[PDB]
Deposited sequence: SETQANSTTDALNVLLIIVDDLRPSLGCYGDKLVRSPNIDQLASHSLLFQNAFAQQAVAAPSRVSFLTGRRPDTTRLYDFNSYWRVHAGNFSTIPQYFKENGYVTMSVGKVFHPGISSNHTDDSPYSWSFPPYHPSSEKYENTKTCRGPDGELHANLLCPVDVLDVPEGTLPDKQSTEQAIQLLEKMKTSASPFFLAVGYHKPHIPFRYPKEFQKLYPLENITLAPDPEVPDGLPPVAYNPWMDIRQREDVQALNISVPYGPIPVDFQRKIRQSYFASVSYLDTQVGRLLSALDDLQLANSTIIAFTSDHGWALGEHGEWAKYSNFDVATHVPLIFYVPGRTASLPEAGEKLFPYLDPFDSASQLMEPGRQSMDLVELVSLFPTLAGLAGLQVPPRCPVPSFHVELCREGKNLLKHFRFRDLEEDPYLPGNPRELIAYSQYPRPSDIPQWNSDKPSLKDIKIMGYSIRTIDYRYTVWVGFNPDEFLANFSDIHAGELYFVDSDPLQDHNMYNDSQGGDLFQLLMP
């Protein structure tokens, strides 16, 4: 009897545009193969659709209103409370805990040291080539180098001759090889960068998605019923040279159709590129015979809009921005243990037109939240599940605000039917800082309820000095029905009275 290892894979800005989530266009064979042996959650949502707030949230197991982190300019241990993290908890239980890539958000939100010395057994590894993502590293048709958003590259024509996710994969494999020697179990967090912007990927992956076979989003127009307060102006992508040359109006655009399809091409190519890296990582896990002793959690910190509602990027409460993939492989529970010389995660080449997305593994339609990642991994690994947090929990160091999802591997509280998301705004009209408002400039907080049936959102007055929401100062509301309006194009909040919330509360 031993304790199970944990491989936590985090992808930056990855929406569930994956074969195992019903996407019949994107080629993600390696991730789909992971799902075939795993429990896949169809309705998992981040608590805020932006990096640091989401990562600090699900790494401490607390919600944004407990971390009080809505931008990226505060360290929770000083700002809110001495909250323990997932890797800190495993390390305190005899694990060797290791970080590769973007797990914590860099900077002050992790005290510039990836939350040292609490979380990790040694100073994390961050790939060097990431610092060239936003340099003049994209060679164009006429031979010059540019800082482009769409950046298919020959690896032999970029600085250091590599890409950050290839480095992370390589380093993760070496650490896996090392841990096969150690007597201690490992908790390995690998944080991949793509498909986060810019879309810098080996140019060969672009051939998987010719533009002729690329369509726009189903709902590229800005909906009439979308209140301006809920719109994010996607300002960061406007700074890239190729985007800047199109002279796209602020804040509503639209992006020219031809470039919209090019964005979707490069995003899809980056996903398939990401998928091969995951393939290499999981394949090495198989070769090392760790598949029967290692939990594998695969998820993302938030989604990314690709033209839906005339929106791009995250910074939103729409499903496209909050819906994330969430897959859990548990040796001998989500699948039969691998027998003699059996391989569960053999590398699959997206350039091979074969098979049929494999079969969908276990699936769950329950509404779940990233803030449940902490208790789930602690339970799946055989450790003590931290207790439920009181309200408030600024003074508690080890507790969880999310539910454990272990029951899903074999009394109806209404909150178990809800995935919560939120996002701040500095004003009602989209302006320069509406994507990523700093704490002092937040004046509105949009709180959103997502059920199997609808998304209910209210944009309410917010006081950043007292961290106080005023649910009597509702600036605007949104109500989208999954059955009739899955794309969320027809806001029904004005025609509503609140009977949907009453119904949810009524036993």
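In sequence order, the deposited residues that have no C-alpha coordinates form the ranges 1 to 8, 419 to 428.
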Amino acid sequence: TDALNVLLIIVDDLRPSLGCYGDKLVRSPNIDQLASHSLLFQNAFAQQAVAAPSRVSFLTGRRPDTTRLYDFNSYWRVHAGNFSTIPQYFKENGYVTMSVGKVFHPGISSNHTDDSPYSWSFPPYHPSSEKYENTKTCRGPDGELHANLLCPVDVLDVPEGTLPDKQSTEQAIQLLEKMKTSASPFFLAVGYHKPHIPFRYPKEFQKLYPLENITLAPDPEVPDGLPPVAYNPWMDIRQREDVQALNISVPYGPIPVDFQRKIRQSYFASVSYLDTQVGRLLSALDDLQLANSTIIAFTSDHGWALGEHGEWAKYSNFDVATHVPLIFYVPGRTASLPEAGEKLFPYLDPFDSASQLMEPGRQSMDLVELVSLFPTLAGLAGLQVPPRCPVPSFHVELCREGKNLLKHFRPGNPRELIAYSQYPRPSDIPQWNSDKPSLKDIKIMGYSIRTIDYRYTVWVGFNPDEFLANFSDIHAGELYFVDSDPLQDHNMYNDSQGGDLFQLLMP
From here on, numbers count along this sequence of modelled residues.
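Higher mean CA temperature factor, per the PDB entry, when comparing 335 to 343 with 321 to 329: 335 to 343. Judged by mean Cα B factor in the deposited record, 471 to 479 ranks above the other of 58 to 66 and 471 to 479. Comparing C-alpha B-factors across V371, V257, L175, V100 in the deposited entry, the largest value falls on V257. The top Cα temperature factor in the record, among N213, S421, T162, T276, falls on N213. Per-chain ranking of the deposited C-alpha B factor places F199 in the lowest third. Among the modelled residues of its chain, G461 has a C-alpha B-factor that falls in the highest third, as given in the PDB entry. Among the modelled residues of the chain, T137 sits in the lowest third by CA temperature factor in this PDB entry. For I10, the recorded CA B-factor ranks within the lowest third of the chain. Only modelled residues enter the ranking.
When the CA B factors of the chain's modelled residues are split into thirds, the value for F351 lands in the highest one.
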